[PDB]
Every structure is written in structure tokens, then in C-alpha cells.
Amino acid sequence: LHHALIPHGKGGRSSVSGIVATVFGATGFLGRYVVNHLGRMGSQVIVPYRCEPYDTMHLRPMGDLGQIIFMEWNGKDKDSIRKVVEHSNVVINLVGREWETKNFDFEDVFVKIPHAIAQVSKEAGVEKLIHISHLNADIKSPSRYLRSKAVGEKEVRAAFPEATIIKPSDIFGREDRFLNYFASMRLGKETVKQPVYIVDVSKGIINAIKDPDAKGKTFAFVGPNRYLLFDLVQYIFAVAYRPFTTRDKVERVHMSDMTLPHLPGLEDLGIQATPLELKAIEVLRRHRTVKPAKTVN
Amino acid sequence: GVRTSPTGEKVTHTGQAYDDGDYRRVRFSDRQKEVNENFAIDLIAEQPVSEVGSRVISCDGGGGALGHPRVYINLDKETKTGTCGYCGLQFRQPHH
Amino acid sequence: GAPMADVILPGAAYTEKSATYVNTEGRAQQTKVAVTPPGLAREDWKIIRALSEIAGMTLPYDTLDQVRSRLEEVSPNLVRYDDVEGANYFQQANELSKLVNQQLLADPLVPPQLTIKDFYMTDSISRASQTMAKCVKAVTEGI
Amino acid sequence: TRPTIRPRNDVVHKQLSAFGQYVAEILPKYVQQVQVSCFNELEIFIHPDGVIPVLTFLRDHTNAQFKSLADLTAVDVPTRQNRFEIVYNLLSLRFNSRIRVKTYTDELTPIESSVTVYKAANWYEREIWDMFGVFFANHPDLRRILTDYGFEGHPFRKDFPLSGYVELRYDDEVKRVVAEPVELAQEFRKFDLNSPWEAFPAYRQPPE
Amino acid sequence: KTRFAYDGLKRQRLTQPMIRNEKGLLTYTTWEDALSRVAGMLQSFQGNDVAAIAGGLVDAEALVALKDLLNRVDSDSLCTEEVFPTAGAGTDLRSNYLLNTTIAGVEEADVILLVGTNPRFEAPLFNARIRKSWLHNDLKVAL
Amino acid sequence: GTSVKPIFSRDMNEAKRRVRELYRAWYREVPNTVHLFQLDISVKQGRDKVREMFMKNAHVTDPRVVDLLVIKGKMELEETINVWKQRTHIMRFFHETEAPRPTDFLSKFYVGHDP
Amino acid sequence: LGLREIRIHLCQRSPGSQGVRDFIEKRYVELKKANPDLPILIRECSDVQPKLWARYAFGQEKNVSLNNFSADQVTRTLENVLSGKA
Amino acid sequence: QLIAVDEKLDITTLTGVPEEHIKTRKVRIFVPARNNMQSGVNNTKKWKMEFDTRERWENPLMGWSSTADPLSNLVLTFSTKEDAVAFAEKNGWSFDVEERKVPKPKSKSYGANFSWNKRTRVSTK
Ligand SMILES: NC(=O)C1=CN([C@@H]2O[C@H](COP(=O)(O)OP(=O)(O)OC[C@H]3O[C@@H](n4cnc5c(N)ncnc54)[C@H](OP(=O)(O)O)[C@@H]3O)[C@@H](O)[C@H]2O)C=CC1
Ligand SMILES: [Zn+2]
């Protein structure tokens, strides 16, 4: 099994876990948590970055000496992808932009880039590939974001048969847009949301790395309880002690969260989902200058 | 005499070179592998063998106090040539 | 013994485990861990216990001290680590040995270790040593 | 005795021996032994209960008046039943002299604090409690002075590992500094520098 | 052999579990897979169908663990490579298969008889002790 | 014989009383610490942690050891009162960042050679 | 229900094992005559109670003490063990 | 003034050692063996207490040796066996103690080399 990756040590910072992971788009909200979880157990991380190396500095102190290697890349060139995933045995894809750009539209971000990554990883001998798409991703969705997500999911499955598709649902956390977006407005009663904690998503990804039977499975990462939009916003504003993104985001938030009971979730990976009540105060303490919202199940 | 690995890297004078399957090779991408071009074994193998007419010869590496500790080498064996322990220079009696 | 196997379980060498060996005098002595087994190799009794628990026939012992207590139960002598004295039961064994009357064959007693060249390579560790191969080559032909 | 050998002074040796006998005569209840080293250093071994009296004597007697407390420290010798050894170093300015007082204690036996005698002892006593775990009774405030808050164990004991048990780092998931079990990239290489062929026959011990 | 055969500890080492694949070759797997296959095969069979052979470098802990494991499946086919005559007392009497006089007690003997043995290469330290007693105690040797 | 010098308590009753007073102080202080240090835990979690740390040393049957532990606990409580610590020092009691080590034989057999 | 082997642990110098020792020195060979296939291991203890261990099918083991037992007592409990009666 | 309590000493809860490093370690109390390369015997006078060896692995970067256990480099010196045993019991460590080995007295005679009839005659000197 290519001895260099035989696990060693007690699973600490200076141990060896036998994981060589390439985390595409690791400079985002979820990428930092994924890279931190990978590096705290001694795994080697390859970070492909397209931004200024200054913006990636926060990832440096999350690994031991020589365990994090930063590499330049871009989605328009397959050679950079080939040289980035050449030696990795795990490839995690977190590339995704929530808005349009004159260089990268949703089709480029969510379809062509994941397809190229999956094809190059298959050609390079990578054994594990993890791809992340939205939970509500449907080919018939009104929004282009979810249609592209749906098309991308099919492409990865076609190119990488042994890929693992993970479908989180509106991740919330310290740097998430789900809570900060609603706390920065300073309409509902028919739409329900199922937020999921960021650490839970990162641990689910890590366990999917470790789990051997999760080769071709598809997961749906959802929270413990469902919230109507109105009372969830009420709770968000109450935590902050505050009295009560162009066109695609409003449509996307106005859609109701889907239900997929056939798809396995966090419990199948041995993770107990953390309710929003425990971490809402931690997230929203910085928006300042208790009666939790009712749930529907 | 720097060789090249079958993968493509240069082999160090100690013979170290990552094989095809080693993941640690990724540390050299977009960078370089530090290798010393001058090999001590090749440089010392091309030194001429000194011809002295004494049974026992003294070597201090040249320079006196700037060399190695002074040692004495016996040259009775006519099959091979006496080699200094530190410096690696060779000495030989005048056969024939 | 390896290529003829169907499942191979990597064990530990005598320098990689705290293990009990009894010499030819009946004296029991224990080794100490100098290094750890390479790769994914594990201790032999640990492998046996894990296999037993997987199969559902879980063994009572969990740690080394419990295995040595089991050894004491099976045999009292094994726990002592420098005692060599024992009872003399020559009479009973001798009297029991006079029943069967097998005959000797007309073959001379030739030991396997006829010459120094046969002494170097005896077990698996010796056969895997370059030094032993050098010794055998030097003994067979000298320069 | 050529210029490579440290010269020996006999007058100071005689004076220190005489003063040691004098002190041991005055306080026979507490002093257990008196020694004078080959380099003219006088030390007094006393009972633990005599810390307050003896020190006070050495600070107040017209013939001793050891006014200054130069140092106060502890020595750990695990092979002894009384593990810790407390050392007081006193300097007398009037007579231009130095003395040493040695006491023994263990983990659970407390030693009376000498803050009343010497104020300078205060922090020193705390330091001992921080490094060895010796408790000093009737101390104005006894707490850690050198180790981190919440540090578990006393580092200067001989059975405490050199690198400790925990190490600090920064975690971004919890956005704070956290403590983990210690894991070294390179283990501290232990060297067996001690050699056979004893060097000092004058310190040879009986073969019991 | 004791002094210079440690080199073999660095060659031909078994580091990972191995199982036979579809083509019949040995391929690396995890501990869980190999243990599951072995446990399934051990559960399917029972009695004299299971057996074990102990090598020449196995410790007492592994021996007793394997004995317990094969006893939990009602088996007694526990064998070693070297043979010992079981007729009569066999292994029930401990003094029937030991060096009773002991290496230290060799020095007190005055005559010795060696039967079908080459102690120089089978037990070099035993032969060294015999030689020392022969040189100092004027011991008489017959082979 | 085995006569020893006391520290604070002559027998086990006085040591138990001092343990009780220290527990009262910690129980009273937990909510103030939670509010002041702006912890993410609740008062229930802090009180449960205090109870667990007290019950960790429940097998001690020596009055000297008991009242030395009481002295250490009083020192730590005083450290907590005056805000000499920070959030990290308080939160080191919960090991939220350390992976959970397993207990059964099979898991320890799989991870490594650690007994 | 089928006996597989028996073990007799006796202490060489202790007096509590004394009679047990006599047992062997008088009749063990005769016992081995009656059971040419049953393994009766004999081992030495040290400051421990003399004991007899019997192993039945599938790994069941039962132990019985032998302190201060006379030769008749130990041979009697032995015949009880092999005969299967309890 | 004196408690006069009768119980064994135990300072396990005061040393601050982690629980996994108390009930899992196995200390060894022994007189270190003489180094066979030298004839000096000055290193076999005191008793040594040392902990068992644990895992060491190769560092992925630079190839150094890494150890995950703190007590690996620890060694303690004791005057007698009883003191070391008492220390081990007081700290709550399970211990294995080995009796000191001393070379037996040997009778050496110069006269034996030139023996008239015995086999101790030397072939050369
Ligand atoms: N609400 C949520 O956050 C949940 C996340 N989603 C999915 O989870 C994935 C990651 O989420 P998240 O980390 O929060 O998103 P972020 O916007 O925070 O991070 C996006 C990452 O992808 C990189 N990236 C984005 N666009 C490009 C591009 N055109 N070319 C190259 N790199 C690019 C970014 O690099 P750079 O900064 O340098 O541009 C960045 O590193 C995404 O695929 C998203 O779709 C799943 C459910 C919702
Ligand atoms: Zn030279």
C-alpha cells in the first residue's frame, strides 16, 4: 500500500495519517475547516490557490512543517490540475461561487471545472474523489445555480464512477453567509429551512475520507430540525438584540428545502447533528452592541 | 558524476531518489531539488597515486595544522596502495 | 511458508515484543520491546485475541498481564523468570517407556549440522541476512 | 601545588569550623550536623521543626547577625525517603561571611514559612511550591508564580518529563489557543555520557 | 548467528495483511478484511477440520492464545515442527524433555555422553561450557 | 506507629467538610464565570464539569492528600475569580479540539500499537 | 462433556502438597496405563494452593483444590473427575 | 498533633500525570548490565528505573524520528532496590524488578599455564 502512507503516531499534529488530499477551493468558508481537520491529524494537504498568496496565509499555521504545499492553478488549464493532483490519493472539490462574474459564470464554475477535475483525477490514478453540490440541486429548478449544480453532479458521476457526492443544506457557521446575511438587513411564513453546522459538514467529509464503504454513495447533510423562515429570522434578530446576492440569492432562499429520506446523512457517518440553538449565540455575538424558534417536523 | 532517476530527478551522492510511487515528490513541484554537482568519490578517484620510497609514510592532509591529524601508513603490501584514513589520498612504493 | 498461504497476518519479531521464551534447561525468560513492528504488523497474541473477538469466541484476556495470568493458569513455571529447579520424575517416565519395544534401524546418526557452512542459515531471520550469506560464501570458498 | 591548583586557605576553614561548633552548641535541639567544605563553605543540617528558631538566631544573635537572605531553593533526590531538600543561603555583612542551612521534607509534610524572619523568602517560597510541590504553612499567599495558569504537575521534580505532557497551538475551528498531548517532530536524543573507570577515589563508597 | 543475524530483521519483512485476489495473487488489504475472512472460515468449520502448526520462533503468549482459540472451536490438533516421542510419559512429565543437569551443572560432571548431537552448531554456548569444563575439570567426553 | 504531621485536617471528617466548602464555592461561582468569560457553554455544563472534576478524586482516603487537593482547588478558584486566566485556560477543561480516543480492544488494535 | 486433558499443579517443597506428591510417586504410572491417550500434565507451583485443572470439550475448564489431601483423597477426586460423576 | 494513620502512601492524584500514563506504563527496576566492549564496572553500582519503549516513526519531512510519549527519555537513579520499589508504588506505577547480577568469584593461577600434566597448559603466550 505504498508504505509512505502507512498510518503512524497517535493521530496528532506530527503524526502520519496516510492521507494525501488536494482541496480545491480551500480558501473559502468550508475550505478552511476542511484543511484544518485534515492537518490536525497529520495528513498532507495540497492547496491549489488562484488568489493572492497573502489571502491564503491563514492556512499556514494549521499544519506541521511541510504538511501543507501551496500551488498556483486556474480552472481554464488542465495542466495545472494535472500537476496539482498528480501525487494525491484524495481529491476534495470545494470550488463554487455564489454569484456571476464576467470571467466565470455558473456553468463554468459548477459544470466545466468539476468535470475537468474529476476527469484529470481519474486519469492520474486518484482513488478517492469528493464533490459537493447543494441539497436542493434539481435539473428543473428555476434558478441557474441549482440547475448547474445538478448538471455538474451528473458530470462528476459520469467521469468518476467512484465519486462521493455530498449535498449540504445552507451551511451556517462563524463565517457563513446564512447567518451574517440575515443579520445584516438591519418575507416568510411558507418556506422552511434546514441549516447545517459547518463543523458537522467538515467532520462528515473527513469521515467520508475514512469510510471505505462510501465509495459511490451520495449523502445529504441536513440539520436536526426544520425552521420556518419568519420565526428563524425572528430568532436570529433576537439573538443579536436587534429590533425587528443580486437576483439569484433571493430566489434561492425563497425556495423551500427539499426532503430526501432515502439518501443517507450525517447519522450514517456516526455524527450527531448540532442544533442551531447552541451555535447561534457564538455566531451572532459580534452583532450585538433564549426563546428558541418553534420547529416543524 | 550526477546520474538521473528513471522518473527524471537527479540522484544525490548518497543514492537517494524518490521512486515513481512516492508522494513526497510533490514537494518539488514548482520548485527544485537541491543536489550537489561535485561528487567526492569521483573527485578523489582521479587523484594520482603518490610514489614514495619508504616503508612507512606520514600524511596530515596538507597545510599542517589546517589538515587532519597526522597518521602513518604502511606500504609493505605490494598488491594494493595504502590509503589515508581521513583525506583519501593514496601512496605506493616504487615497484620495478 | 508465506507463498502457500491464503491470508497473511503480519506478526512481530523477537526484538519488537515483550515475550516469554523457555530455553533448554526449562528456564523462562522474557524479552523487552526494543523497536515497534514495522508498517501495520501487530503483536501475535493481540492478533489472536482480535481474531477471536471478531469470530465471536472472545478470549478472557485483554492486556499482557492477563495473558501471563492465563499462562500461569496453564503452567505455573512460565511466570517465574529465573527459576530453573524442578522435580525429578525420571523413574515414572522410564517405567512408562519400557512398554513399547520399537527397534532401531541400521542407519548411522548423522546430524544436520555436519559442517560450519550449515550453521549460518537455520531459521527465517538467518536466511534473510546478507551477513550470513557473506559468511556462507566465505566459508565455501576462501580468498 | 603548581599554578594549576586552586590555593587553599586554612584560617577561614578554622574560623568556619569554630563558628559551626559554636552554633551547634547553642542550638542542640535542632542542629543535626555541621560541615565545612574544602573550599571554605559552612553548612548546617537541622530538623524541619527548627526552621523558624535557627534562622531567627542567625539573624539576631550579636555574634551571627546573618542579615541578608541570598537564596532559597529546593533539591529533589527521589532515592531518599524524605524526597525534597530545602536550602537557605544567608549572608552576614557585619562579619563578611556566608552560611547555609539545610532541611528535609516530603510531598505531604509542610514546612513552616520563614516570611516573618526574612521578607525576601516570600517569592522564593512560592517558587518552590511552583516547581517542587512543597507546601509552606502560614504563608501570606501561596500560589503559582512561574508556570502557566492551570498547569498540572511540578516541573522541577526528577520524575517530570523534560518536554512536559501538553503543548500549545492555535485552532481556527474554535478560534483560540488550545492544549494537546505533546508530540515531537524529533525526539530528544538521550546520551549515555557517564563512563566506567571512576575518576575520584576520595569519594569512593563502601561496597555494602 | 546471534550476534550478526540481526540484519535479517530489515529484509523480507511482512508489513501489511495480504489476501488472495480474483487472479489468485497476493494483494494488500486492511486488518478488518483479513480478520473477517479468517473468522468466517473459522466459524464455518469446527473440530478436527481446523489445525495449527507452531514455528521455531514463537513466544508462549501467542502459543497459549492460539491454544485457547482452537479450544474454543473444540480442536486439539496443535502441532510443532520438531518431533518428540510421545510414547510413554511423553510431555506429561516435564523432566522428560529438559536439560536436567543444566549448563551451570555441566561443570560438575566428570564424564559425558553425546548421542547423535553436534553441540558446536546446535548449541554453541553449551559446547563452550563443555569445552571449559573439559579444559579445567579434566572432563571426559564421548560421542 | 506511622505518625505524621497534619496540614489542615486531623481526620477525614474535617477534610470532607473542606471539600464540601470548596464545592459550594465552585458551584456558586460557575454562572458568574460563564457570564464574565463569555463562554459558549451553559451553566449546566460548567456545573457538570465541576462535579466530574470533584468525583475524579473520589478514591482518595488520606486526609493529607485530600486537603492538599483542597488547597490546590482553592488556589485555582482564586485564579478564576480575579480573571487571571483567559477563555483558553477555562476551556482547556473540555478538550473540545482533541479527537476521542477509543476504549475497546478492536479499535486500539486497529489504530496502532498502543495498549 | 468429553474430557480433553487434565493438569496437576503441585508445590515441590510445601507440606500442603506433600500427599499429592506421594500420589504420583506411587501410582501415576498406573494411571497412565489406564489412559494411554489422555494427557495428564504435571506442573510445579510456588507458595500457591495445589490444584487440579480439568478441560472439557469446547474450552470449559474447572479447577479443584488439593491442599492437605492425602494420596487416597487425591486419587479419589481424580477418579471422580475422569469417571464424569460430580 | 500526630494523626497516626495506618495506610499505604499514594500521591497519584497530586503529580498531574495523565491517567493514560499511569495505569498503562510498566516501569523496570534493574542494575544496568556492564557494557561488554569495556572492562570498567563503575556503571553497575546504582539501580535504574526506566519506562517501557513505545512507538517511534519517521518524520514525513526531513526523515527525523518522532515519539508521541513524554516518558520515553525518563530514567531515574536509586541507591537500593527497596527505595526504587517504594518510589514506584508511591507513584502508582506497575513495576518489574530484576535481582542484581554479580560475577561469581573466579580463581586465577599463573602457575596453571605451565602445568606438568593437566590440560590447562598454554600452547603459547
Ligand atoms: N451556503 C454554503 O456555503 C453551502 C456551500 N455549498 C457548496 O459548498 C462549496 C464550497 O462552499 P463555500 O466554501 O462556502 O464557498 P466560498 O465562496 O466561500 O469558496 C469558494 C472557493 O472556491 C474558489 N473558487 C471560486 N470560484 C472559483 C473560480 N471561478 N476559479 C477558481 N476557484 C474558484 C474560491 O477561491 P478564491 O477566493 O481565490 O476566488 C474559493 O477558494 C461550494 O461548491 C458551494 O457550492 C453547498 C450548500 C451551501
Ligand atoms: Zn590524508
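Residues numbered from 1 in each chain as written, not as in the entry; some residues may be left out. Chains lettered and ligands numbered in written order. Part of a larger assembly, values for the part shown. Heavy atoms only, no water. Residues with missing side-chain atoms left out of burial classes, pairs and counts.

Method of determination, as annotated in the archive: cryo-EM, at 2.8 Å resolution.

Things to note about the overall build of chain A
What chain A contains, in helices and strands, is 9 helices and 11 strands. Its C-alpha atoms give chain A a radius of gyration of 19 Å, within 12% of the compact-globule value 19 Å for 297 residues. In terms of its C-alpha atoms, chain A occupies a principal-axis envelope of roughly 60 × 40 × 40 Å. (Helix = DSSP H or I, 4+ residues; strand = E, 2+ residues; numbered from the N terminus. Rg over C-alpha atoms; globule rule 2.2 N^0.38 Å.)

So, the overall build of chain D
What chain D contains, in helices and strands, is 3 helices and 9 strands. Against the compact-globule benchmark of 17 Å for 208 residues, chain D has a radius of gyration of 22 Å, which places it well outside the compact range. Taking the principal axes of its C-alpha atoms as reference, chain D extends roughly 70 × 50 × 35 Å. Every one of the 208 residues in chain D was classed for burial, and the buried ones make up 44%. (Buried < 20%, exposed > 50% of the residue type's maximum accessible area, 1.4 Å probe, protein only.)

So, the coordination of the zinc ion (ligand 2)
Residues and elements named next belong to chain B. Taken together, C59 (SG), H68 (NE2) and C84 (SG) make up the full set of protein donors to the zinc ion (ligand 2), lying 2.3 Å away. Positions of the donor residues of the zinc ion (ligand 2) along the chain correspond to the pattern C-x8-H-x15-C. Linking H68 in the loop between β2 (56-59) and β3 (71-74) with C84 in the loop between β4 (82-83) and β5 (90-92), this pair joins segments that are 16 residues apart in sequence. We classify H68 as buried; its relative accessible area is 13%. Classification of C84 by relative accessible area gives buried; the value is 4%. (Donors = N, O, S within 2.8 Å, 3.2 Å for Na, K, Ca; no water.)

Here's the deal with the site of ligand 1
Residues and elements named next belong to chain A. Taken together, 22 residues surround ligand 1, and among them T27, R50, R97, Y145 and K149 come closest. With respect to ligand 1, the side chain of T27 contributes an N or O atom lying 2.7 Å from an oxygen atom. In this structure, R50 approaches ligand 1 through a side-chain N or O atom, which is 2.7 Å from an oxygen atom. Contact with the protein chains hides 91% of the accessible area of ligand 1, taken as 910 Å² for the molecule alone. Breaking the shell around ligand 1 down by element, the ones donating at least two residues are α1 (29-39), α3 (106-123) and α4 (144-159). Here the shell around ligand 1 is composed, by residue class, of 13 nonpolar, 5 polar and 4 charged. (Near = heavy atom within 4 Å. Polar contact = N/O pair within 3.5 Å; in protein donor to acceptor, adjacent residues only side chain to side chain. Areas by Shrake-Rupley, 256 points an atom, 1.4 Å probe, with all protein chains shown as cover. Nonpolar A, V, L, I, M, F, W, Y, C, P; charged D, E, K, R; others polar.)

Let's talk about helix α6 (residues 198-210) of chain A
All names here are of chain A. End to end, α6 covers 19 Å across 13 residues, agreeing with the expected 18 Å (1.5 Å per residue, within 8%). With 10 of its 13 residues buried, α6 lies for the most part within the structure. Taken as a whole, α6 has its buried residues at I198, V199, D200, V201, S202, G204, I205, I206, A208 and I209. (Expected span 1.5 Å × (residues − 1).)

Some words on the state of the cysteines
Residue and element names in this part refer to chain G. Under the defined criterion, the tally for this structure stands at 1 disulfide over all chains. Two residues share a disulfide in this structure: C11 and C45, whose sulfurs sit 2.0 Å from each other. Of this pair, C11 sits in strand β1 (residues 5-11) while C45 is found in strand β2 (residues 40-45), placing the two residues 34 residues apart along the sequence. Of the two residues examined, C11 and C45, each falls in the buried class. (Disulfide = S-S within 2.5 Å.)

Let's talk about the sheet that holds strand β6 (residues 94-97) of chain H
Residue and element names in this part refer to chain H. On the basis of which strands lie adjacent, the open sheet formed by 4 strands has the order β5-β2-β1-β6 and mixed pairing. The sheet terminates laterally at β5 (75-78) and β6, the two strands that pair on one side only. Adjacent strand axes in the sheet meet at a mean angle of 25 degrees when their direction is disregarded. Note that strand β1 (residues 26-30) and strand β2 (residues 47-50) share 3 bridges and pair antiparallel. Its bridge partner lying in β2, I29 is registered against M49. (Pairing = 2+ DSSP bridges. Axes fitted to C-alpha atoms, helices over the stretch in contact; angles between N-to-C directions.)

Describing the sheet that holds strand β1 (residues 31-36) of chain D
Residues and elements named next belong to chain D. The strand order β1-β2-β5-β4-β3 describes an open sheet built from 5 strands, whose pairing is mixed. Looking at strand neighbours, the two that pair on one side only are β1 and β3 (68-76), the edges of this open sheet. Taking the axes of each pair of neighbouring strands and ignoring which way they run, one obtains an average angle of 20 degrees across the sheet. With 3 bridges joining them, strand β2 (residues 42-46) and strand β5 (residues 97-105) adopt parallel strand pairing. Bridging from a neighbouring strand, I44 pairs with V101 of β5. Lying on the sheet, helix α1 (residues 11-26) is in contact with β1, β2 and β5; it crosses β1 at an angle near 175 degrees. (Contact = heavy atoms within 4.5 Å.)

Notes on the packing of aromatic side chains
Under the counting rule described, the total for this entry stands at 32 aromatic pairs over all chains. Measuring from centroid to centroid gives 6.1 Å for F230 of chain A and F244 of chain A, while their planes differ by 50 degrees, and the two rings are tilted. With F230 of chain A in helix α7 (residues 229-239) and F244 of chain A in the loop between α7 and α8 (248-254), this pair connects stretches of sequence that are 14 residues apart. With a centroid separation of 5.8 Å and 35 degrees between ring planes, the pair formed by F119 of chain C and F121 of chain E is classed as tilted. (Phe/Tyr/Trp six-rings, centres within 6.5 Å; stacked < 30°, edge-to-face > 60°.)

Remarks on the arrangement of the chains
Of all 17 pairs of chains in contact, the one with the most contacts involves chains C and E. A minimum C-alpha distance of 18 Å separates chain G and chain H, which share no contact.

So, the interface of chain E and chain C
Facing the 55 residues of chain E at the interface are 74 residues of chain C. For the pair chain E and chain C, the summed buried surface comes to about 5,700 Å²; carbon and sulfur atoms form 68% of the total. Joining chain E to chain C, the criterion identifies 4 salt bridges. Residue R70 of chain C pairs with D68 of chain E through a salt bridge whose shortest N-O separation is 3.0 Å. (Buried area = accessible area lost by both parts, 1.4 Å probe. Salt bridge = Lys/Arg side-chain N within 4 Å of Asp/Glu carboxyl O.)

Considerations on the environment of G153 of chain D
Residue position: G153 of chain D is located in the loop between β7 (136-137) and β8 (166-171). A sequence separation of 97 residues divides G153 of chain D from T56 of chain D, and the C-alpha atoms of the two residues are 33 Å apart.

Overview of the pattern of salt bridges
All names here are of chain B. Counted under the stated rule, the structure contains 83 salt bridges over all chains. A salt bridge links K33 to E9; its shortest N-O distance comes to 3.3 Å. With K33 in the segment before α1 (40-45) and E9 in the segment before α1, this residue pair connects regions lying 24 residues apart in the sequence. By relative accessible area, which is 13% here, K33 ends up buried. Here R25 ties to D20 by a salt bridge, and the two come within 3.8 Å at their closest N and O atoms. Residue classification places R25 among the buried residues on the basis of a relative accessible area of 11%.

Overview of the side chain of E5 of chain G
Within the secondary structure, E5 of chain G sits in strand β1. Among the polar contacts made by the side chain of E5 of chain G, one reaches the side chain of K67 of chain E at a distance of 3.4 Å. There is a polar contact of 2.6 Å between the side chain of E5 of chain G and the side chain of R55 of chain G. Ignoring any residue separated from it by four or fewer positions in sequence, one finds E5 of chain G in contact with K67 and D76 of chain E together with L38, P39, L41, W53, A54 and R55 of chain G.

Describing the nonpolar core
Of all hydrophobic cores here, the largest spans 59 residues; its most connected members are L30, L38 and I92 of chain A. Ranked by residues supplied to this core, first place goes to α7 of chain A with 7 residues. If sequence neighbours within four positions are ignored, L38 of chain A has contacts with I19, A21, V23, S43, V45, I92 and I206 of chain A. If you look at the next biggest cluster of nonpolar residues, it comprises 34 residues, including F84, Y118, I128 and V134 of chain D. (Core = buried A, V, L, I, M, F, W, Y, C linked by side-chain atoms within 4.5 Å.)

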